[PDB]
Each structure stands twice: as C-alpha cells, then as structure tokens.
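To start, the structure itself, in structure tokens.
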There are 2 protein chains.
Amino acid sequence: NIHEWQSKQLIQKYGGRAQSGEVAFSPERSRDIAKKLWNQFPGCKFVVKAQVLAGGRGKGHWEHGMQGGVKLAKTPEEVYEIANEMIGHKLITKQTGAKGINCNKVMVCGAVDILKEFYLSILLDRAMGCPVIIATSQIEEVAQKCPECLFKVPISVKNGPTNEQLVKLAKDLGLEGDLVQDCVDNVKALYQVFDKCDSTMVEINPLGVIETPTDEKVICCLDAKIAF
Amino acid sequence: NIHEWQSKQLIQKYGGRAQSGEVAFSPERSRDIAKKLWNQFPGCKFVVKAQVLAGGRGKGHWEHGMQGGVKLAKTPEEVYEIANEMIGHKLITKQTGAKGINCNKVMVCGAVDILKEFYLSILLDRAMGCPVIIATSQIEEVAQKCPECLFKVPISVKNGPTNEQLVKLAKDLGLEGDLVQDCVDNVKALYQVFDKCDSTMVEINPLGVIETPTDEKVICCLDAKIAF
Ligand SMILES: Nc1ncnc2c1ncn2[C@@H]1O[C@H](COP(=O)(O)OP(=O)(O)O)[C@@H](O)[C@H]1O
Ligand SMILES: Nc1ncnc2c1ncn2[C@@H]1O[C@H](COP(=O)(O)OP(=O)(O)O)[C@@H](O)[C@H]1O
Ligand SMILES: [Cl-]
Ligand SMILES: [Mg+2]
Ligand SMILES: [Mg+2]
C-alpha cells in the first residue's frame with residue numbers, strides 16, 4: 001500500500017480532487033510550508049497530520065500527552081511545535097497497541113471548513129468477481145448496527161460504473177445541487193485509479209464536502225489509501 | 001521604487017500581513033503555482049496580477065484586447081491562458097498612455113473574499129517636517145470631493161505612532177472587534193518598514209479586510225508600493 005500523499009496525487013492525476021498538502025521530515029520544514037502558504041491565503045490556519053503507517057490517528061496520543069495525530073494550528077510556529085512533537089516520536093492508537101509506531105514525517109495542510117464526511121471505497125469483491133463501491137455517510141460497526149445505512153453498488157467490470165449508479169449513490173449519500181455531479185466525477189476518477197492501477201482497494205476515509213476559500217462547496221478526498 | 005512582491009515580503013518581514021502570492025516569468029510556471037496551490041486549498045480560484053512598474057492595472061487593457069491587469073481564474077489552465085496573454089505583452093493604463101508598458105512576469109494569488117478596501121499610506125510630509133499616516137475608506141479625487149473622508153495622523157518621529165493614534169485611526173475607518181488591534185499591528189509594521197528603509201512613501205492601495213479560508217476576518221495588504 002502506498003502512503004497518503006502518493007495516493008492523493010494519483011487520484012488527482014486522474015481528475016479527482018484531494019487535499020494532499022505537503023509532507024515534511026522536520027519541524028523547521030513544516031513551519032516553512034506554513035509560512036509560504038500564508039503568502040497565498042494570509043491568516044489561514046493549518047492542519048498537521050502525522051504520516052504513520054497506521055489508522056485512527058485522530059484519537060491517539062504521544063509521549064508528552066498531546067493527544068490526536070491530526071491537530072489544528074493557528075500559525076507557522078504552532079505548526080513547528082506540533083510537528084516537533086510528532087517527528088521522531090511514537091504515536092499510540094488502536095491499530096498499534098502499547099508498542100506505538102514511530103513517526104518521521106507529517107503532512108501540513110491548509111485548514112478548511114468540512115461540512116460533511118463520507119466513507120467511500122472501491123473494493124475487488126472476490127466472491128462476486130467484480131468491483132463493488134461501498135459508501136456511507138455515517139465502517140464495520142455501521143454495517144452491523146445499520147446495514148441499510150451502508151450502500152453497496154456492484155460494478156460491471158466490462159462497462160465500469162454507470163452515471164445512473166453514481167448519480168443514485170451521490171443522492172443516496174444526501175448530496176444536492178452541483179455536489180451530485182461533483183461526486184460522480186470524483187467517483188469516476190477513483191475508479192480509474194482502481195482499474196488502471198490494478199488495485200484491490202481504493203479507500204477514501206473520509207471523502208468530504210469542504211468549502212473553498214471563497215465558500216464554494218466541493219467534493220474532496222481528505223484521506224486516501226490504495227492497496228494492490 | 002520597489003515592486004509589489006518585494007514590498008509585501010518586506011511588510012511581512014516586520015509583522016504585517018500581505019498577500020504576496022508567488023511570481024512567475026512564464027505561463028507554464030504560473031500554471032504550476034496554481035496546480036500546487038490546489039494541493040492545499042482544493043477547488044480554490046486564482047487571481048493573476050500583471051507585475052508592471054505602473055499603476056491602475058485593475059482598469060487597464062492589453063494591446064491584443066484582453067481587459068484588466070488583475071483577472072480571476074477558475075483553474076490552473078485558466079491561469080495559463082491569462083498569464084500567456086500578459087507575459088511578453090503590452091499593458092495600457094492611465095499611467096502609461098497609448099505607448100503601453102511591457103509585462104514580463106505576473107503574480108499568481110489565491111482568490112479570497114474581500115469585505116472592505118481602504119487606502120492607507122505613510123508619507124514623509126515635507127511641509128510639517130514629519131511622517132504622516134493618510135488613510136480613507138472611500139485618492140486625489142476623494143480628498144477634493146470629500147476632504148472629511150480623509151484622515152491625516154502626524155507622527156512623532158521620536159516616539160513613533162502611539163497606540164492611541166492607531167486605535168483611533170482604526171475606529172475612524174470603521175473597524176470593530178479584533179480588526180481594530182489587527183489594524184494597529186499592521187500599521188505598526190508599515191511604519192517600521194517606512195522608518196527602517198528610509199522610505200518617502202509606503203502606500204497600501206488597497207489595504208483590505210479579507211476572509212481566511214475558514215471565514216476569519218483579518219487585515220491584509222493586497223497591494224504595496226514603497227518609494228525612496
Ligand atoms: N484540511 C482539514 N481541515 C480540517 N480538518 C481536517 C482536515 N484534513 C483532515 N481533517 C480532519 O482530520 C480527521 C482525521 O483524518 P484522517 O486522515 O482520516 O485520520 P484517521 O486515520 O484518524 O481517520 C478527519 O476526520 C477530518 O475531520
Ligand atoms: N486575492 C484576491 N482575491 C480577490 N480579489 C483580489 C485579490 N487581490 C486583488 N484583488 C482585487 O484586485 C483589485 C486590483 O488590485 P491591485 O493590486 O490593487 O491593482 P491596481 O490597484 O493597480 O488596480 C483589488 O482592488 C481587489 O478588488
Ligand atoms: Cl519559468
Ligand atoms: Mg483516515
Ligand atoms: Mg493598487
């Protein structure tokens with residue numbers, strides 16, 4: 001499986017929208033990324049995301065407390081502080097145990113208004129022998145407590161997804177207006193990645209509805225993981 | 001006199017907020033700047049500003065038809081198109097005449113919500129023999145048609161501006177809440193530039209109230225000109 005930054009760039013290579021930010025291997029560099037971003041959107045806030053091969057970062061904790069592998073920062077100096085407590089230190093989440101996985105890089109992103117967060121993945125379903133799109137706006141828990149809340153769209157491996165399936169899926173997720181077609185185009189892009197890269201899973205957790213700096217609502221992958 | 005980019009970077013060096021963007025000397029580079037900015041704020045729009053030693057770009061026009069030296073762009077490709085018609089071409093404004101001034105670089109900026117636009121300049125007043133801060137929220141026309149709309153704050157070159165003078169100026173311009181102190185700190189930065197650079201004029205036209213990507217209101221220099 002390829003890292004977050006690399007999957008997102010692959011998704012955007014194929015016409016999808018994703019917040020890949022920029023990766024840093026030192027707190028000095030993390031700060032410089034933030035300072036330069038203030039040239040473009042002055043006053044913006046920042047998000048620092050520990051780049052570790054492990055899930056559930058948002059609710060881990062570090063040696064010196066901290067808590068959470070995804071944290072908001074108001075200034076480049078706050079980016080330095082947070083980054084300095086991530087790089088070269090050990091995060092502890094559910095997927096790691098008391099061991100804790102080491103972190104030697106972070107992702108620095110501009111902070112955006114997140115209006116909605118969905119789960120969406122494109123899986124190779126061996127049983128049926130076809131790709132299947134799995135999405136929900138609420139992943140193993142939701143399927144058991146509310147299986148109806150989960151949508152599974154089998155895909156024709158010769159024709160690919162139909163606009164009918166994708167439009168329905170988008171509306172089933174609660175999207176309206178321009179976000180419906182926006183979601184179709186992004187899901188089409190995710191499928192090309194799935195297909196053209198011979199992936200067994202393209203998982204977007206979360207696929208979000210965010211606001212641009214000028215308040216437009218757009219679909220954007222806020223996380224990405226591609227397996228082969 | 002130093003260019004927009006250099007003044008803005010100088011202003012931020014001293015604690016002010018300015019949208020310096022990033023300068024490009026080709027439309028290919030302009031496009032790349034926009035593409036990379038979409039990694040940070042996906043879906044954002046862009047502004048392309050012709051970098052020419054001449055004023056009134058917003059209302060100028062180019063020899064081959066295109067209108068305006070400051071133009072909005074929806075995508076990196078729209079940035080390329082606009083930049084390609086600016087770099088290596090001739091702009092015509094009021095300050096240039098039928099000759100038209102050549103442009104060999106543009107500034108690519110993220111588009112932001114602009115809520116208010118002020119004029120603010122720090123001048124070496126020969127008559128009074130001291131620096132004077134000149135600001136208005138409505139420059140030669142306004143001074144004649146509404147002299148009351150213009151505020152002039154003489155500065156003691158030994159004490160610098162007082163927080164009292166700057167706070168009053170901020171409220172005189174109609175600012176309230178956190179924007180008052182925000183404006184004070186930015187004006188303090190503009191004065192240090194004026195002083196430490198032995199300038200005869202630091203002109204910010206417009207000094208704006210803009211929204212951050214997460215809807216915070218902040219003071220930001222959207223243009224800058226420093227004379228010697
Ligand atoms: N640009 C951003 N602005 C604000 N919040 C963000 C941004 N990017 C990510 N987040 C938040 O970070 C959370 C955790 O992100 P994610 O990469 O999914 O980590 P995890 O493995 O903990 O789920 C997301 O649910 C989202 O709310
Ligand atoms: N980042 C931006 N987003 C939106 N509009 C902008 C941005 N930067 C500048 N503008 C607009 O461009 C106009 C012209 O900009 P400026 O640099 O002052 O050129 P000039 O004053 O020579 O016409 C401003 O009055 C403002 O309305
Ligand atoms: Cl170049
Ligand atoms: Mg995730
Ligand atoms: Mg101007």
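Residues in the structure tokens are named by chain (A, B, ... in the order shown) and by number from 1 within that chain; ligands are numbered from 1 in the order shown.
Residues of protein, DNA or RNA lying at most 8 Å from ligand 5, when only C-alpha atoms and all ligand atoms are considered, are residues 55, 56, 57, 58, 204, 205, 206, 222, 223 and 224 of chain B.
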Margin query: Can you work out which residues are within 9 Å of ligand 2, considering only C-alpha atoms and all ligand atoms, and then hand them over as an MDAnalysis selection string?
Written below: (chainID A and resid 40:41 214) or (chainID B and resid 4 19 21 45:50 54:60 68:72 108:114 117 204:208 210 222:224)
Restricted to C-alpha atoms, what would the selected residues look like written as a PDB file, in the first residue's frame?
```pdb
ATOM      1  CA  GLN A  40      -1.350  32.782  -0.748  1.00  0.00           C
ATOM      2  CA  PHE A  41      -4.128  32.731   1.884  1.00  0.00           C
ATOM      3  CA  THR A 214     -14.337  31.634  -1.424  1.00  0.00           C
TER       4      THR A 214
ATOM      5  CA  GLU B   4       4.725  44.783  -5.245  1.00  0.00           C
ATOM      6  CA  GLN B  19      -0.804  38.508   0.064  1.00  0.00           C
ATOM      7  CA  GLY B  21       1.389  35.230  -3.785  1.00  0.00           C
ATOM      8  CA  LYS B  45      -9.898  30.107  -7.586  1.00  0.00           C
ATOM      9  CA  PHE B  46      -6.879  32.208  -8.530  1.00  0.00           C
ATOM     10  CA  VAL B  47      -6.006  35.830  -9.257  1.00  0.00           C
ATOM     11  CA  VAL B  48      -3.372  36.725 -11.864  1.00  0.00           C
ATOM     12  CA  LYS B  49      -1.816  40.181 -11.476  1.00  0.00           C
ATOM     13  CA  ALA B  50       0.418  41.724 -14.131  1.00  0.00           C
ATOM     14  CA  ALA B  54       2.748  51.257 -13.458  1.00  0.00           C
ATOM     15  CA  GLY B  55      -0.454  51.900 -11.534  1.00  0.00           C
ATOM     16  CA  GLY B  56      -4.106  51.290 -12.302  1.00  0.00           C
ATOM     17  CA  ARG B  57      -3.717  47.704 -13.503  1.00  0.00           C
ATOM     18  CA  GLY B  58      -7.258  46.767 -12.488  1.00  0.00           C
ATOM     19  CA  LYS B  59      -8.764  49.139 -15.066  1.00  0.00           C
ATOM     20  CA  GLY B  60      -6.162  48.804 -17.829  1.00  0.00           C
ATOM     21  CA  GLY B  68      -7.747  44.255 -16.855  1.00  0.00           C
ATOM     22  CA  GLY B  69      -4.324  43.626 -15.358  1.00  0.00           C
ATOM     23  CA  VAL B  70      -5.926  41.754 -12.443  1.00  0.00           C
ATOM     24  CA  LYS B  71      -8.091  38.823 -13.512  1.00  0.00           C
ATOM     25  CA  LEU B  72      -9.885  35.909 -11.872  1.00  0.00           C
ATOM     26  CA  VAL B 108      -0.460  34.368  -9.027  1.00  0.00           C
ATOM     27  CA  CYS B 109      -2.582  34.637  -5.878  1.00  0.00           C
ATOM     28  CA  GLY B 110      -5.336  32.638  -4.266  1.00  0.00           C
ATOM     29  CA  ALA B 111      -8.739  34.266  -4.601  1.00  0.00           C
ATOM     30  CA  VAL B 112     -10.186  35.484  -1.301  1.00  0.00           C
ATOM     31  CA  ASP B 113     -13.379  37.162  -0.166  1.00  0.00           C
ATOM     32  CA  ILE B 114     -12.649  40.893   0.117  1.00  0.00           C
ATOM     33  CA  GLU B 117     -10.960  48.065   0.856  1.00  0.00           C
ATOM     34  CA  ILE B 204      -1.049  50.237   0.546  1.00  0.00           C
ATOM     35  CA  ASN B 205      -3.795  50.533  -2.087  1.00  0.00           C
ATOM     36  CA  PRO B 206      -5.932  48.657  -1.123  1.00  0.00           C
ATOM     37  CA  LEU B 207      -5.473  47.715   2.495  1.00  0.00           C
ATOM     38  CA  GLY B 208      -8.263  45.172   2.717  1.00  0.00           C
ATOM     39  CA  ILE B 210     -10.442  39.715   3.789  1.00  0.00           C
ATOM     40  CA  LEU B 222      -3.497  43.418  -1.165  1.00  0.00           C
ATOM     41  CA  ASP B 223      -1.123  45.878  -2.861  1.00  0.00           C
ATOM     42  CA  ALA B 224       2.087  47.573  -1.772  1.00  0.00           C
TER      43      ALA B 224
END
```
Next item on the list: Could you pull out the residues sitting within 10 Å of ligand 3, using only C-alpha atoms and all ligand atoms, and write them as an MDAnalysis selection string?
Entry: chainID B and resid 23:30 32 105
Check: Could you work out how far atom CA of residue B:39 lies from atom CA of residue A:220, giving the answer in Å with one decimal?
Finding: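 Computed distance, atom CA of residue A:220 to atom CA of residue B:39, equals 10.5 Å.
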Note to self: Could you pull out the strand (DSSP E) residues of stretch 85-131 of chain A, going by DSSP on the backbone, and write them as a list in words?
What the structure shows: residues 89, 90, 91, 101, 102, 103, 106, 107, 108, 109, 110, 114, 115, 116, 117, 118, 119, 120, 121, 122, 123, 124, 125, 130 and 131 of chain A
Would you save the residues from that selection as a PDB file, in the first residue's frame, using N, CA and C atoms?
```pdb
ATOM      1  N   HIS A  89       9.091  10.756  17.198  1.00  0.00           N
ATOM      2  CA  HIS A  89       8.441  10.297  18.417  1.00  0.00           C
ATOM      3  C   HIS A  89       7.415   9.229  18.054  1.00  0.00           C
ATOM      4  N   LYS A  90       6.760   8.686  19.077  1.00  0.00           N
ATOM      5  CA  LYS A  90       5.957   7.476  18.951  1.00  0.00           C
ATOM      6  C   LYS A  90       4.494   7.799  19.220  1.00  0.00           C
ATOM      7  N   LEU A  91       3.632   7.466  18.262  1.00  0.00           N
ATOM      8  CA  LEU A  91       2.191   7.620  18.394  1.00  0.00           C
ATOM      9  C   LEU A  91       1.575   6.307  18.862  1.00  0.00           C
ATOM     10  N   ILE A 101       3.738   3.260  17.016  1.00  0.00           N
ATOM     11  CA  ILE A 101       4.507   3.296  15.778  1.00  0.00           C
ATOM     12  C   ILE A 101       5.235   4.630  15.706  1.00  0.00           C
ATOM     13  N   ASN A 102       6.474   4.598  15.226  1.00  0.00           N
ATOM     14  CA  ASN A 102       7.286   5.802  15.164  1.00  0.00           C
ATOM     15  C   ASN A 102       6.866   6.667  13.981  1.00  0.00           C
ATOM     16  N   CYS A 103       7.018   7.977  14.148  1.00  0.00           N
ATOM     17  CA  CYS A 103       6.662   8.955  13.130  1.00  0.00           C
ATOM     18  C   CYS A 103       7.907   9.745  12.755  1.00  0.00           C
ATOM     19  N   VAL A 106       5.331  14.361   8.729  1.00  0.00           N
ATOM     20  CA  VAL A 106       3.970  14.843   8.899  1.00  0.00           C
ATOM     21  C   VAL A 106       3.495  15.404   7.569  1.00  0.00           C
ATOM     22  N   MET A 107       2.179  15.536   7.446  1.00  0.00           N
ATOM     23  CA  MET A 107       1.563  16.254   6.341  1.00  0.00           C
ATOM     24  C   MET A 107       1.007  17.565   6.877  1.00  0.00           C
ATOM     25  N   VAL A 108       1.395  18.670   6.249  1.00  0.00           N
ATOM     26  CA  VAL A 108       0.920  20.001   6.612  1.00  0.00           C
ATOM     27  C   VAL A 108      -0.075  20.440   5.548  1.00  0.00           C
ATOM     28  N   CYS A 109      -1.307  20.716   5.973  1.00  0.00           N
ATOM     29  CA  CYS A 109      -2.385  21.093   5.072  1.00  0.00           C
ATOM     30  C   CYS A 109      -3.014  22.396   5.536  1.00  0.00           C
ATOM     31  N   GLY A 110      -3.589  23.126   4.585  1.00  0.00           N
ATOM     32  CA  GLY A 110      -4.415  24.263   4.940  1.00  0.00           C
ATOM     33  C   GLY A 110      -5.714  23.799   5.579  1.00  0.00           C
ATOM     34  N   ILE A 114     -15.042  21.779   6.892  1.00  0.00           N
ATOM     35  CA  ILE A 114     -15.527  20.464   6.488  1.00  0.00           C
ATOM     36  C   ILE A 114     -17.007  20.397   6.841  1.00  0.00           C
ATOM     37  N   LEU A 115     -17.854  20.300   5.817  1.00  0.00           N
ATOM     38  CA  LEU A 115     -19.301  20.297   6.001  1.00  0.00           C
ATOM     39  C   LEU A 115     -19.855  18.892   6.207  1.00  0.00           C
ATOM     40  N   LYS A 116     -19.303  17.905   5.506  1.00  0.00           N
ATOM     41  CA  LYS A 116     -19.757  16.527   5.606  1.00  0.00           C
ATOM     42  C   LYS A 116     -18.570  15.606   5.383  1.00  0.00           C
ATOM     43  N   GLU A 117     -18.627  14.432   6.006  1.00  0.00           N
ATOM     44  CA  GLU A 117     -17.599  13.410   5.845  1.00  0.00           C
ATOM     45  C   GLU A 117     -18.279  12.089   5.526  1.00  0.00           C
ATOM     46  N   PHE A 118     -17.926  11.504   4.386  1.00  0.00           N
ATOM     47  CA  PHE A 118     -18.425  10.199   3.987  1.00  0.00           C
ATOM     48  C   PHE A 118     -17.294   9.184   4.014  1.00  0.00           C
ATOM     49  N   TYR A 119     -17.678   7.915   4.056  1.00  0.00           N
ATOM     50  CA  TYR A 119     -16.775   6.818   3.743  1.00  0.00           C
ATOM     51  C   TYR A 119     -17.111   6.330   2.344  1.00  0.00           C
ATOM     52  N   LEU A 120     -16.081   6.110   1.532  1.00  0.00           N
ATOM     53  CA  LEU A 120     -16.276   5.530   0.211  1.00  0.00           C
ATOM     54  C   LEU A 120     -15.046   4.723  -0.159  1.00  0.00           C
ATOM     55  N   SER A 121     -15.267   3.482  -0.582  1.00  0.00           N
ATOM     56  CA  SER A 121     -14.186   2.614  -1.014  1.00  0.00           C
ATOM     57  C   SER A 121     -14.623   1.842  -2.248  1.00  0.00           C
ATOM     58  N   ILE A 122     -13.653   1.543  -3.104  1.00  0.00           N
ATOM     59  CA  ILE A 122     -13.855   0.689  -4.267  1.00  0.00           C
ATOM     60  C   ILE A 122     -13.056  -0.580  -4.017  1.00  0.00           C
ATOM     61  N   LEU A 123     -13.762  -1.692  -3.847  1.00  0.00           N
ATOM     62  CA  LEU A 123     -13.163  -2.966  -3.484  1.00  0.00           C
ATOM     63  C   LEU A 123     -13.286  -3.956  -4.631  1.00  0.00           C
ATOM     64  N   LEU A 124     -12.305  -4.848  -4.722  1.00  0.00           N
ATOM     65  CA  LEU A 124     -12.410  -6.019  -5.583  1.00  0.00           C
ATOM     66  C   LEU A 124     -13.075  -7.124  -4.773  1.00  0.00           C
ATOM     67  N   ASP A 125     -14.317  -7.446  -5.121  1.00  0.00           N
ATOM     68  CA  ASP A 125     -15.093  -8.448  -4.395  1.00  0.00           C
ATOM     69  C   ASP A 125     -14.832  -9.803  -5.040  1.00  0.00           C
ATOM     70  N   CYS A 130     -16.192  -9.072  -9.089  1.00  0.00           N
ATOM     71  CA  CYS A 130     -16.412  -7.773  -9.705  1.00  0.00           C
ATOM     72  C   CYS A 130     -16.012  -6.696  -8.708  1.00  0.00           C
ATOM     73  N   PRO A 131     -15.775  -5.471  -9.170  1.00  0.00           N
ATOM     74  CA  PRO A 131     -15.609  -4.363  -8.228  1.00  0.00           C
ATOM     75  C   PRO A 131     -16.943  -3.968  -7.619  1.00  0.00           C
TER      76      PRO A 131
END
```
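Candidate residues B:11, B:42, B:139, B:175 were compared for distance to ligand 1, and the nearest is B:42, using only C-alpha atoms and all ligand atoms.
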Notebook entry, point to check: Counting only C-alpha atoms, what is within 9 Å of residue B:184, bar same-chain residues fewer than 4 positions away, as a ChimeraX atom specification?
Noted result: /B:163,166-167,169-170,179-180,188-189
Next item on the list: List every residue of stretch 6-116 of chain B that DSSP, applied to the backbone, labels as helix (DSSP H, G or I), and write the result as a PyMOL selection string.
Entry: chain B and resi 6-13+27-40+57-59+76-86
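Each of A:212, A:138, A:192, A:104 was checked against chain B using only C-alpha atoms; the smallest atom-to-atom distance is that of A:212.
In this comparison, which uses only C-alpha atoms and all ligand atoms, the residue of B:9, B:213, B:159, B:174 approaching ligand 1 most closely is B:213.
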